[PDB]
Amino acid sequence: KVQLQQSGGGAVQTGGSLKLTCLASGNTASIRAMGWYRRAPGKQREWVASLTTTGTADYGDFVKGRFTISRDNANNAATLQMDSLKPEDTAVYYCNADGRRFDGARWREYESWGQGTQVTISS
């Protein structure tokens, strides 16, 4: 169907920047939105950012203008540019894709996930 591969993890000092990349393969025409989630230490996964196919970007409350999500048709990729990082941003970040696919009988909503990219930010 739709597969995702993630890269761009690292460890940086407070104030630094990182970029996450997510490459989609397979039925990428079916993708309605790509997004980023994260799991901070000992917490549950939380929503970070989404970008719909028509170009509407939304961000979690903790983002505060510091991260930028973009999508590239040429590479069927989504990216998260992360600036002004803080220890609180330490987490495993997961790429996701939402869309609708035809299973041969009905249209079905799907969600695909990457395997997660480690991010560490220390004071």
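Numbering starts at 1 and runs along the sequence shown.
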property	result
52-60 or 77-85, whichever carries the higher mean Cα B-factor	52-60
Of 87-95 and 38-46, the stretch whose C-alpha atoms average the higher B-factor in the entry	38-46
CA B-factor placement of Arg106, once the chain's modelled residues are sorted into thirds	highest
Record-listed C-alpha B factor of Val2: chain third	highest
Cα B factor band for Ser25 (lowest, middle or highest third within the chain)	lowest
Chain third (lowest, middle, highest) by recorded CA B-factor, residue given as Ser17	lowest
